[PDB]
Each structure stands twice: as C-alpha cells, then as structure tokens.
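To be precise, the following lines are protein.tsv, and they hold TSV, N, CA and C atoms.
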chain	number	residue	atom	x	y	z
A	1	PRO	N	43.97	54.39	-103.37
A	1	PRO	CA	44.51	53.38	-104.27
A	1	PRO	C	45.49	53.98	-105.26
A	2	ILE	N	46.40	53.17	-105.77
A	2	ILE	CA	47.27	53.62	-106.85
A	2	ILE	C	46.75	52.97	-108.13
A	3	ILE	N	46.42	53.82	-109.11
A	3	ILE	CA	45.81	53.39	-110.36
A	3	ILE	C	46.58	53.96	-111.54
A	4	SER	N	46.23	53.51	-112.74
A	4	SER	CA	46.77	54.08	-113.96
A	4	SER	C	45.98	55.31	-114.39
A	5	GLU	N	46.68	56.42	-114.61
A	5	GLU	CA	46.08	57.63	-115.18
A	5	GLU	C	47.10	58.23	-116.13
A	6	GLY	N	46.70	58.46	-117.37
A	6	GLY	CA	47.69	58.80	-118.37
A	6	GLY	C	48.70	57.67	-118.51
A	7	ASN	N	49.97	58.02	-118.68
A	7	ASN	CA	50.98	56.99	-118.88
A	7	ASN	C	51.66	56.55	-117.60
A	8	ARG	N	51.09	56.87	-116.44
A	8	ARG	CA	51.77	56.60	-115.18
A	8	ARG	C	50.82	56.15	-114.09
A	9	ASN	N	51.40	55.84	-112.93
A	9	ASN	CA	50.64	55.57	-111.72
A	9	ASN	C	50.25	56.86	-111.03
A	10	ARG	N	49.08	56.88	-110.41
A	10	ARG	CA	48.64	58.05	-109.67
A	10	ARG	C	47.76	57.64	-108.49
A	11	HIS	N	47.78	58.44	-107.42
A	11	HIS	CA	46.88	58.19	-106.31
A	11	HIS	C	45.45	58.66	-106.62
A	12	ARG	N	44.49	57.85	-106.19
A	12	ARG	CA	43.05	58.07	-106.35
A	12	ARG	C	42.42	57.68	-105.02
A	13	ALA	N	41.61	58.55	-104.43
A	13	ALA	CA	41.04	58.25	-103.11
A	13	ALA	C	40.13	57.04	-103.17
A	14	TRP	N	40.08	56.28	-102.08
A	14	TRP	CA	39.17	55.15	-101.95
A	14	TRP	C	37.79	55.50	-102.46
A	15	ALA	N	37.18	54.60	-103.21
A	15	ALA	CA	35.76	54.75	-103.53
A	15	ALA	C	34.93	54.23	-102.37
A	16	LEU	N	33.78	54.86	-102.16
A	16	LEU	CA	32.85	54.45	-101.11
A	16	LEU	C	32.62	52.94	-101.12
A	17	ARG	N	32.36	52.38	-102.30
A	17	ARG	CA	32.05	50.95	-102.41
A	17	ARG	C	33.22	50.05	-102.01
A	18	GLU	N	34.44	50.49	-102.31
A	18	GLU	CA	35.63	49.73	-101.96
A	18	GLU	C	35.75	49.58	-100.44
A	19	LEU	N	35.55	50.69	-99.73
A	19	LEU	CA	35.61	50.68	-98.28
A	19	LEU	C	34.52	49.81	-97.67
A	20	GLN	N	33.30	49.97	-98.17
A	20	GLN	CA	32.18	49.18	-97.67
A	20	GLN	C	32.38	47.69	-97.89
A	21	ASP	N	32.92	47.32	-99.04
A	21	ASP	CA	33.15	45.91	-99.34
A	21	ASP	C	34.14	45.30	-98.37
A	22	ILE	N	35.23	46.00	-98.10
A	22	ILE	CA	36.21	45.48	-97.15
A	22	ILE	C	35.62	45.42	-95.75
A	23	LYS	N	34.94	46.49	-95.34
A	23	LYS	CA	34.35	46.57	-94.00
A	23	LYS	C	33.38	45.41	-93.75
A	24	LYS	N	32.51	45.14	-94.72
A	24	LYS	CA	31.51	44.09	-94.56
A	24	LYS	C	32.14	42.70	-94.53
A	25	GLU	N	33.17	42.50	-95.34
A	25	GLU	CA	33.86	41.22	-95.39
A	25	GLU	C	34.60	40.91	-94.08
A	26	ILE	N	35.28	41.91	-93.53
A	26	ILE	CA	36.23	41.67	-92.45
A	26	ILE	C	35.63	41.89	-91.05
A	27	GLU	N	34.39	42.38	-91.00
A	27	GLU	CA	33.73	42.76	-89.73
A	27	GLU	C	33.68	41.64	-88.68
A	28	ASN	N	33.64	40.39	-89.11
A	28	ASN	CA	33.54	39.27	-88.18
A	28	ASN	C	34.86	38.51	-88.08
A	29	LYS	N	35.97	39.17	-88.41
A	29	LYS	CA	37.28	38.53	-88.34
A	29	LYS	C	38.12	39.15	-87.23
A	30	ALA	N	38.80	38.32	-86.45
A	30	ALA	CA	39.61	38.84	-85.35
A	30	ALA	C	40.86	39.55	-85.85
A	31	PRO	N	41.11	40.78	-85.37
A	31	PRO	CA	42.34	41.46	-85.78
A	31	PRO	C	43.59	40.63	-85.48
A	32	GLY	N	44.46	40.48	-86.46
A	32	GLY	CA	45.68	39.71	-86.29
A	32	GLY	C	45.57	38.26	-86.68
A	33	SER	N	44.34	37.77	-86.83
A	33	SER	CA	44.13	36.40	-87.25
A	33	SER	C	44.64	36.21	-88.68
A	34	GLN	N	44.89	34.96	-89.05
A	34	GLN	CA	45.33	34.66	-90.41
A	34	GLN	C	44.31	35.14	-91.44
A	35	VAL	N	43.02	34.94	-91.16
A	35	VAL	CA	41.98	35.32	-92.10
A	35	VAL	C	41.88	36.85	-92.22
A	36	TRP	N	42.03	37.56	-91.09
A	36	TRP	CA	42.13	39.02	-91.11
A	36	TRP	C	43.24	39.46	-92.06
A	37	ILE	N	44.42	38.88	-91.89
A	37	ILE	CA	45.58	39.29	-92.67
A	37	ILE	C	45.39	38.95	-94.15
A	38	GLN	N	44.88	37.75	-94.48
A	38	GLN	CA	44.66	37.42	-95.89
A	38	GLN	C	43.55	38.26	-96.55
A	39	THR	N	42.56	38.67	-95.77
A	39	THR	CA	41.52	39.57	-96.29
A	39	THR	C	42.13	40.90	-96.70
A	40	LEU	N	42.99	41.43	-95.84
A	40	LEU	CA	43.64	42.70	-96.12
A	40	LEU	C	44.69	42.54	-97.23
A	41	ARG	N	45.35	41.39	-97.32
A	41	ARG	CA	46.26	41.16	-98.43
A	41	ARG	C	45.51	41.21	-99.77
A	42	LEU	N	44.30	40.66	-99.80
A	42	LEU	CA	43.48	40.74	-100.99
A	42	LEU	C	43.17	42.21	-101.34
A	43	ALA	N	42.76	43.00	-100.35
A	43	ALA	CA	42.49	44.41	-100.58
A	43	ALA	C	43.73	45.14	-101.11
A	44	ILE	N	44.89	44.80	-100.56
A	44	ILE	CA	46.14	45.44	-100.95
A	44	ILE	C	46.49	45.10	-102.40
A	45	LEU	N	46.29	43.85	-102.80
A	45	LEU	CA	46.52	43.44	-104.18
A	45	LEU	C	45.56	44.15	-105.14
A	46	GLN	N	44.31	44.31	-104.72
A	46	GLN	CA	43.30	44.98	-105.55
A	46	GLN	C	43.58	46.47	-105.75
A	47	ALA	N	43.97	47.15	-104.67
A	47	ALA	CA	43.96	48.60	-104.63
A	47	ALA	C	45.35	49.25	-104.66
A	48	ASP	N	46.39	48.49	-104.35
A	48	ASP	CA	47.73	49.04	-104.14
A	48	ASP	C	47.69	50.30	-103.28
A	49	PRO	N	47.17	50.17	-102.04
A	49	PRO	CA	46.96	51.35	-101.20
A	49	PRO	C	48.25	51.93	-100.63
A	50	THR	N	48.28	53.25	-100.53
A	50	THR	CA	49.36	53.97	-99.89
A	50	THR	C	49.25	53.90	-98.37
A	51	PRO	N	50.27	54.38	-97.65
A	51	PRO	CA	50.12	54.42	-96.19
A	51	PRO	C	48.89	55.22	-95.73
A	52	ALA	N	48.61	56.35	-96.38
A	52	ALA	CA	47.44	57.13	-96.01
A	52	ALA	C	46.17	56.34	-96.28
A	53	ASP	N	46.11	55.65	-97.42
A	53	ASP	CA	44.97	54.80	-97.72
A	53	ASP	C	44.73	53.77	-96.63
A	54	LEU	N	45.81	53.15	-96.16
A	54	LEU	CA	45.68	52.10	-95.16
A	54	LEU	C	45.21	52.68	-93.82
A	55	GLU	N	45.70	53.86	-93.47
A	55	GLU	CA	45.24	54.56	-92.27
A	55	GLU	C	43.74	54.85	-92.34
A	56	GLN	N	43.30	55.35	-93.49
A	56	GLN	CA	41.88	55.63	-93.70
A	56	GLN	C	41.04	54.38	-93.53
A	57	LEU	N	41.50	53.28	-94.12
A	57	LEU	CA	40.79	52.01	-94.01
A	57	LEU	C	40.64	51.55	-92.55
A	58	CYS	N	41.69	51.74	-91.76
A	58	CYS	CA	41.64	51.35	-90.35
A	58	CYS	C	40.49	51.99	-89.57
A	59	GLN	N	40.08	53.19	-89.96
A	59	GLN	CA	39.01	53.87	-89.23
A	59	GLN	C	37.69	53.10	-89.33
A	60	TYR	N	37.53	52.32	-90.40
A	60	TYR	CA	36.31	51.53	-90.60
A	60	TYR	C	36.34	50.20	-89.87
A	61	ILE	N	37.54	49.63	-89.71
A	61	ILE	CA	37.63	48.21	-89.35
A	61	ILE	C	38.38	47.89	-88.06
A	62	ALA	N	39.05	48.87	-87.46
A	62	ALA	CA	39.87	48.57	-86.29
A	62	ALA	C	39.63	49.54	-85.15
A	63	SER	N	39.51	49.00	-83.94
A	63	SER	CA	39.34	49.83	-82.75
A	63	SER	C	40.55	50.74	-82.54
A	64	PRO	N	40.35	51.87	-81.87
A	64	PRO	CA	41.51	52.72	-81.56
A	64	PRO	C	42.62	51.97	-80.80
A	65	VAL	N	42.27	51.12	-79.85
A	65	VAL	CA	43.28	50.38	-79.10
A	65	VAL	C	44.10	49.49	-80.04
A	66	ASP	N	43.43	48.83	-80.98
A	66	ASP	CA	44.15	47.99	-81.93
A	66	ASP	C	44.94	48.80	-82.95
A	67	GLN	N	44.38	49.92	-83.42
A	67	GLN	CA	45.13	50.78	-84.35
A	67	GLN	C	46.42	51.27	-83.74
A	68	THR	N	46.35	51.73	-82.50
A	68	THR	CA	47.50	52.33	-81.85
A	68	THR	C	48.59	51.28	-81.67
A	69	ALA	N	48.20	50.09	-81.21
A	69	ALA	CA	49.16	49.02	-81.03
A	69	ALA	C	49.76	48.59	-82.36
A	70	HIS	N	48.93	48.51	-83.39
A	70	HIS	CA	49.39	48.12	-84.70
A	70	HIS	C	50.43	49.11	-85.23
A	71	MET	N	50.15	50.40	-85.10
A	71	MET	CA	51.06	51.40	-85.65
A	71	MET	C	52.36	51.44	-84.86
A	72	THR	N	52.29	51.25	-83.55
A	72	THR	CA	53.49	51.18	-82.74
A	72	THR	C	54.37	50.01	-83.18
A	73	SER	N	53.76	48.86	-83.43
A	73	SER	CA	54.50	47.71	-83.92
A	73	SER	C	55.08	47.95	-85.31
A	74	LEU	N	54.27	48.51	-86.20
A	74	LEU	CA	54.72	48.77	-87.56
A	74	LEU	C	55.90	49.74	-87.61
A	75	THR	N	55.79	50.83	-86.85
A	75	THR	CA	56.85	51.82	-86.78
A	75	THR	C	58.16	51.18	-86.33
A	76	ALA	N	58.08	50.28	-85.36
A	76	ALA	CA	59.26	49.57	-84.88
A	76	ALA	C	59.80	48.60	-85.91
A	77	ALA	N	58.91	47.91	-86.62
A	77	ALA	CA	59.34	46.96	-87.65
A	77	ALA	C	60.06	47.68	-88.78
A	78	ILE	N	59.58	48.87	-89.13
A	78	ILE	CA	60.22	49.66	-90.17
A	78	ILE	C	61.61	50.13	-89.70
A	79	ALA	N	61.69	50.62	-88.46
A	79	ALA	CA	62.96	51.05	-87.90
A	79	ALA	C	63.94	49.88	-87.84
A	80	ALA	N	63.45	48.72	-87.39
A	80	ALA	CA	64.32	47.56	-87.23
A	80	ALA	C	64.81	47.04	-88.57
A	81	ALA	N	63.94	47.04	-89.58
A	81	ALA	CA	64.30	46.56	-90.90
A	81	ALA	C	65.38	47.44	-91.53
A	82	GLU	N	65.31	48.75	-91.31
A	82	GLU	CA	66.35	49.63	-91.82
A	82	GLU	C	67.69	49.34	-91.16
A	83	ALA	N	67.71	49.29	-89.84
A	83	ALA	CA	68.96	49.09	-89.11
A	83	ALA	C	69.56	47.71	-89.36
A	84	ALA	N	68.71	46.71	-89.55
A	84	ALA	CA	69.17	45.34	-89.77
A	84	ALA	C	69.44	45.07	-91.25
A	85	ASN	N	69.20	46.09	-92.07
A	85	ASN	CA	69.48	46.06	-93.51
A	85	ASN	C	68.69	44.98	-94.25
A	86	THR	N	67.38	45.00	-94.07
A	86	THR	CA	66.50	44.09	-94.80
A	86	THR	C	65.54	44.82	-95.74
A	87	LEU	N	65.61	46.15	-95.79
A	87	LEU	CA	64.80	46.92	-96.74
A	87	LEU	C	65.53	47.07	-98.06
A	88	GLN	N	64.92	46.57	-99.13
A	88	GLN	CA	65.53	46.62	-100.45
A	88	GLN	C	65.20	47.94	-101.15
A	89	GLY	N	66.21	48.57	-101.73
A	89	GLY	CA	66.00	49.77	-102.52
A	89	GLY	C	65.65	50.99	-101.71
A	90	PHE	N	65.96	50.96	-100.41
A	90	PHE	CA	65.55	52.03	-99.51
A	90	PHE	C	66.72	52.86	-99.02
A	91	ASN	N	66.73	54.14	-99.40
A	91	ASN	CA	67.74	55.05	-98.88
A	91	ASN	C	67.02	56.04	-97.99
A	92	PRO	N	67.28	55.96	-96.68
A	92	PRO	CA	66.54	56.81	-95.74
A	92	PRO	C	66.86	58.29	-95.88
A	93	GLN	N	67.92	58.62	-96.62
A	93	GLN	CA	68.23	60.02	-96.86
A	93	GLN	C	67.19	60.68	-97.78
A	94	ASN	N	66.35	59.86	-98.42
A	94	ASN	CA	65.29	60.36	-99.30
A	94	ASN	C	63.94	60.41	-98.60
A	95	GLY	N	63.93	60.21	-97.28
A	95	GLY	CA	62.70	60.24	-96.51
A	95	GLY	C	62.42	58.89	-95.88
A	96	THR	N	61.44	58.83	-95.00
A	96	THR	CA	61.09	57.57	-94.36
A	96	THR	C	60.45	56.60	-95.35
A	97	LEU	N	60.35	55.33	-94.95
A	97	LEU	CA	59.67	54.35	-95.79
A	97	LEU	C	58.23	54.80	-96.01
A	98	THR	N	57.58	55.33	-94.97
A	98	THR	CA	56.22	55.83	-95.07
A	98	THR	C	56.13	56.96	-96.09
A	99	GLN	N	57.04	57.92	-96.02
A	99	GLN	CA	57.03	59.01	-97.00
A	99	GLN	C	57.27	58.53	-98.41
A	100	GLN	N	58.30	57.72	-98.62
A	100	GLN	CA	58.63	57.28	-99.97
A	100	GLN	C	57.55	56.37	-100.57
A	101	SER	N	56.87	55.58	-99.74
A	101	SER	CA	55.85	54.64	-100.22
A	101	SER	C	54.58	55.33	-100.73
A	102	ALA	N	54.43	56.61	-100.43
A	102	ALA	CA	53.29	57.39	-100.92
A	102	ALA	C	53.46	57.75	-102.39
A	103	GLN	N	54.69	57.74	-102.89
A	103	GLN	CA	54.93	58.06	-104.29
A	103	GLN	C	54.34	56.99	-105.20
A	104	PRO	N	53.40	57.36	-106.09
A	104	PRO	CA	52.74	56.34	-106.91
A	104	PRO	C	53.69	55.40	-107.67
A	105	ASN	N	54.84	55.90	-108.11
A	105	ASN	CA	55.76	55.06	-108.88
A	105	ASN	C	56.73	54.27	-108.01
A	106	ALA	N	56.61	54.42	-106.69
A	106	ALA	CA	57.50	53.71	-105.78
A	106	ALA	C	56.91	52.37	-105.32
A	107	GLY	N	56.45	51.57	-106.28
A	107	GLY	CA	55.80	50.31	-105.98
A	107	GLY	C	56.65	49.31	-105.23
A	108	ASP	N	57.94	49.28	-105.51
A	108	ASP	CA	58.81	48.31	-104.85
A	108	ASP	C	58.96	48.61	-103.36
A	109	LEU	N	59.06	49.89	-103.02
A	109	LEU	CA	59.10	50.27	-101.62
A	109	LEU	C	57.74	50.09	-100.95
A	110	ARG	N	56.69	50.51	-101.64
A	110	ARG	CA	55.35	50.44	-101.05
A	110	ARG	C	54.93	48.99	-100.79
A	111	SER	N	55.35	48.08	-101.66
A	111	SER	CA	55.06	46.66	-101.47
A	111	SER	C	55.64	46.17	-100.14
A	112	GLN	N	56.86	46.62	-99.84
A	112	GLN	CA	57.50	46.26	-98.57
A	112	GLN	C	56.77	46.90	-97.38
A	113	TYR	N	56.37	48.15	-97.52
A	113	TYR	CA	55.54	48.80	-96.50
A	113	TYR	C	54.28	47.99	-96.26
A	114	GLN	N	53.61	47.62	-97.35
A	114	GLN	CA	52.35	46.89	-97.26
A	114	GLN	C	52.52	45.57	-96.52
A	115	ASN	N	53.59	44.84	-96.82
A	115	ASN	CA	53.83	43.58	-96.13
A	115	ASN	C	54.13	43.77	-94.64
A	116	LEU	N	54.91	44.79	-94.30
A	116	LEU	CA	55.16	45.09	-92.89
A	116	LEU	C	53.87	45.50	-92.18
A	117	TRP	N	53.04	46.28	-92.87
A	117	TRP	CA	51.76	46.70	-92.34
A	117	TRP	C	50.87	45.49	-92.02
A	118	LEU	N	50.87	44.50	-92.92
A	118	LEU	CA	50.12	43.26	-92.69
A	118	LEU	C	50.66	42.50	-91.48
A	119	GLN	N	51.97	42.30	-91.44
A	119	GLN	CA	52.59	41.51	-90.39
A	119	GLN	C	52.43	42.14	-89.01
A	120	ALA	N	52.37	43.47	-88.97
A	120	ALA	CA	52.23	44.19	-87.71
A	120	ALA	C	50.92	43.92	-86.99
A	121	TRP	N	49.93	43.34	-87.68
A	121	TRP	CA	48.69	42.95	-87.00
A	121	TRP	C	48.87	41.71	-86.13
A	122	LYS	N	49.95	40.95	-86.34
A	122	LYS	CA	50.21	39.79	-85.48
A	122	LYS	C	50.69	40.23	-84.10
A	123	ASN	N	50.50	39.36	-83.12
A	123	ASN	CA	50.87	39.63	-81.73
A	123	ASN	C	50.53	41.02	-81.19
A	124	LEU	N	49.30	41.48	-81.44
A	124	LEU	CA	48.76	42.64	-80.72
A	124	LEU	C	48.88	42.33	-79.23
A	125	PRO	N	48.96	43.36	-78.38
A	125	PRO	CA	49.20	43.05	-76.96
A	125	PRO	C	48.13	42.15	-76.36
A	126	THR	N	48.53	41.25	-75.47
A	126	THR	CA	47.58	40.41	-74.74
A	126	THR	C	48.03	40.16	-73.31
A	127	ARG	N	47.06	39.96	-72.43
A	127	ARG	CA	47.27	39.67	-71.01
A	127	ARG	C	48.25	40.62	-70.34
How does the structure come out when it is put into structure tokens?
Amino acid sequence: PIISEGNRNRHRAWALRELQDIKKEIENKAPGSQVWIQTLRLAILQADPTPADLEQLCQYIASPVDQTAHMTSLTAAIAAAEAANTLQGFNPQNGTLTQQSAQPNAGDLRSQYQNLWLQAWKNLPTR
C-alpha cells in the first residue's frame, strides 16, 4: 500500500489482515465479473497499491491460468495506450508505466495503471 509517513507518501507492505479481508470477500466471485472488478476497485481505493502490491494480491485470489492471461492483457493495454497516446503525464523515457507507478509520489500515473489493471480482468480467454 501507499501510505503517509512523515511529510510524504511511502510504500508499506500489505498487512496480513488486509490480504485476508480481500481474499475472503472475493473468493466466491468470478474473475472478470463486474462484482470482481468493483471489489478490487474498493481495495485499490483503500490501499493505493503499487504494481508489486497487486501482483502479491493475485497469489491469494487468482489461478495461475487467470493471472497469466490477465498480465498478458494488461501488458498489451499499457503498450497500446502509450502508442495511441492515451496515457496522461507519461514519458516512457523515464521508465515503463509499471516502473514509474511504483514511485509513492507518482499517484497520477499509478491511478492509470490501477484502472488498466482492473480492466484487464475483462474478457479472459474463453472457448
């Protein structure tokens, strides 16, 4: 999570209880469903998680097959958004969106990462 420490934002590792609360809430929700996505949006608003935080969370709540498909989709969405010029405040010469979004004070970029991360759960492969 990104929290206040001193006069600034700083990364703080997930608390055990935070992970358990999300895991228990979302355990009976289908990955990619609207309720899945809104549950995770709530967690994102609460915790302001970094990309690493979100990866860690996936280990509790998503199968490897779903994680892999999700990340493949997300990586493409990030690449496509850069080329199509829909990323605000993003200069790729300063690192990838994933790299820059880890910076605690980079909330505007991380918010965009978080939204792409949410949307990437839609249309997981089928049939």
Requested in this report: Using atom N of residue 19 of chain A and atom CA of residue 1 of chain A as the two end points, give the distance in Å to one decimal.
Outcome: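 We find that atom N of residue 19 of chain A and atom CA of residue 1 of chain A lie 10.4 Å from each other.
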Query raised in the report: Taking into account only N, CA and C atoms, which residue in the set A:85, A:59, A:93, A:73 is nearest to residue 119 of chain A?
Result: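 Closest candidate: A:73.
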Query raised in the report: segment 40-45 of chain A: which residues within 12 Å, counting only C-alpha atoms, same-chain residues fewer than 4 positions away excluded, as a PyMOL selection string?
Result: chain A and resi 1-3+14+18-23+25-27+29+31-36+49-51+53-54+57-58+61+107+110-119+121
Query raised in the report: In Å, with one decimal, what is the gap from atom CA of residue 125 of chain A to atom N of residue 98 of chain A?
Result: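 Computing the Euclidean distance for atom CA of residue 125 of chain A and atom N of residue 98 of chain A yields 23.4 Å.
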Query - Computed interatomic separation between atom CA of residue 102 of chain A and atom CA of residue 6 of chain A (Å) - result: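 It comes out at 18.4 Å.
The shortest atom-to-atom distance to residue 77 of chain A, with only N, CA and C atoms taken into account, belongs to A:120 out of A:89, A:120, A:108, A:95.
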